[PDB]
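A quick write-up on the structure given underneath.
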Amino acid sequence: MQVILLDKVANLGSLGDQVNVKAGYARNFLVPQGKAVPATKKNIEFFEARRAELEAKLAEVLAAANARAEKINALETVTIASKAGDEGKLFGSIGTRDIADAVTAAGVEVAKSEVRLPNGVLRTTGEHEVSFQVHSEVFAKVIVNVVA
RNA sequence: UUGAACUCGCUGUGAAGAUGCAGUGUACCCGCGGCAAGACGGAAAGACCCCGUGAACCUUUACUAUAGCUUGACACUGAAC
Ligand SMILES: [K+]
Ligand SMILES: [K+]
Ligand SMILES: [K+]
Ligand SMILES: [K+]
Ligand SMILES: [Mg+2]
Ligand SMILES: [Mg+2]
Ligand SMILES: [Mg+2]
Ligand SMILES: [Mg+2]
Ligand SMILES: [Mg+2]
Ligand SMILES: [Mg+2]
Ligand SMILES: [Mg+2]
Numbered sequence: 001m002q003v004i005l006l007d008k009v010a011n012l013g014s015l016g017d018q019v020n021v022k023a024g025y026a027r028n029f030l031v032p033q034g035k036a037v038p039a040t041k042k043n044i045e046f047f048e049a050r051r052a053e054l055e056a057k058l059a060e061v062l063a064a065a066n067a068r069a070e071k072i073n074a075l076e077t078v079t080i081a082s083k084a085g086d087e088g089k090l091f092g093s094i095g096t097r098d099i100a101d102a103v104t105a106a107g108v109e110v111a112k113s114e115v116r117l118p119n120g121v122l123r124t125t126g127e128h129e130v131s132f133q134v135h136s137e138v139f140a141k142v143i144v145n146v147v148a
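The entry's author numbering numbers the first residue of the first sequence as 1 and each following residue consecutively.
Have a look at this one:
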């Protein structure tokens, strides 16, 4: 299937590229996510005539993501409280939803889909390092302090 | 049940076990109560047996198929290393 990329897609190409991808790749991911469109004559001519504003919007999105990442980094450390045993091990667990809620209460709005926990979901009291992905290329870090 | 009967015995003859043929013996016409030796008695187009290039249902390492079960290829089906 021939498609026109509407953004930067890793291992595929840059915006405006015309690429041949597997039909399922286009059908179930790229088009529904908005990262590409079918390479019909209408689409090709329309995009080529109306192209540059899209890079302007992509730059605006990247700048907004950078600003949000800077705010997240400036937030530094966020503290979450739960219940645990005397050994410091939590009976329950601390996940993306409540981490994002704590960050939002701290001031920066982050969705649960932007939380990236490398070593699974937190289960012990102490300090952990969590990552945030607000853009496909930028990354932020937050210290999480779990207390009883 | 019943082709029609003026519907005896014997010995023979004879699709080869005769009331009905031949020879011969016996016998006046007709009921009623009884008995079942014969009318190859009545009943059911022999069930045994064979035959038909008949039937059915059953069996199986008979033949040919086939549901099911199982194998792989392609499709729905994508990304990275
Ligand atoms: K005579
Ligand atoms: K009799
Ligand atoms: K035969
Ligand atoms: K039968
Ligand atoms: Mg004789
Ligand atoms: Mg005689
Ligand atoms: Mg009498
Ligand atoms: Mg009697
Ligand atoms: Mg008889
Ligand atoms: Mg017969
Ligand atoms: Mg047969």
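All residues carry an ideal CB built from backbone N, CA and C; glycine is no exception.
Verify whether the separation of the beta carbon atoms of residue i and residue j is less than 8 Å.
i: residue 138; j: residue 122; result: no
i: residue 172; j: residue 82; result: For the chain, the structure presents residues 1 to 148; residue 172 sits outside this window and is missing.
i: residue 151; j: residue 21; result: Since the first and last residues shown for the chain are 1 and 148, residue 151 lies out of range.
i: residue 144; j: residue 80; result: yes
i: residue 129; j: residue 141; result: yes
i: residue 12; j: residue 6; result: no
i: residue 78; j: residue 102; result: yes
For residue i, does the three-state DSSP call read helix, strand or coil?
i: residue 66; result: helix
i: residue 24; result: helix
i: residue 122; result: strand
i: residue 133; result: coil
i: residue 127; result: strand
i: residue 97; result: helix
i: residue 42; result: helix
i: residue 5; result: strand
i: residue 90; result: strand
i: residue 71; result: helix
i: residue 141; result: strand
i: residue 111; result: coil
i: residue 84; result: strand
i: residue 106; result: helix
i: residue 36; result: strand
Buried or exposed for residue i, please, with buried defined as at least 16 other CB atoms from any protein chain shown within 10 angstroms of its CB.
i: residue 132; result: buried
i: residue 4; result: buried
i: residue 68; result: buried
i: residue 26; result: buried
i: residue 125; result: buried
i: residue 100; result: buried
i: residue 36; result: buried
Counting pairs of beta carbons, one from the stretch 58-78 and one from the stretch 26-34, are three or more of them closer than 8 Å? The stretch 58-78, when compared against the stretch 26-34, does not touch it at the 8 Å Cβ threshold.
Under 8 Å, with one C-beta from each stretch per pair, do the stretch 40-52 and the stretch 81-95 reach the 3-pair mark? Two segments are said to touch when three or more pairs of C-beta atoms, one from each, lie closer than 8 Å; by this definition the stretch 40-52 does not touch the stretch 81-95.
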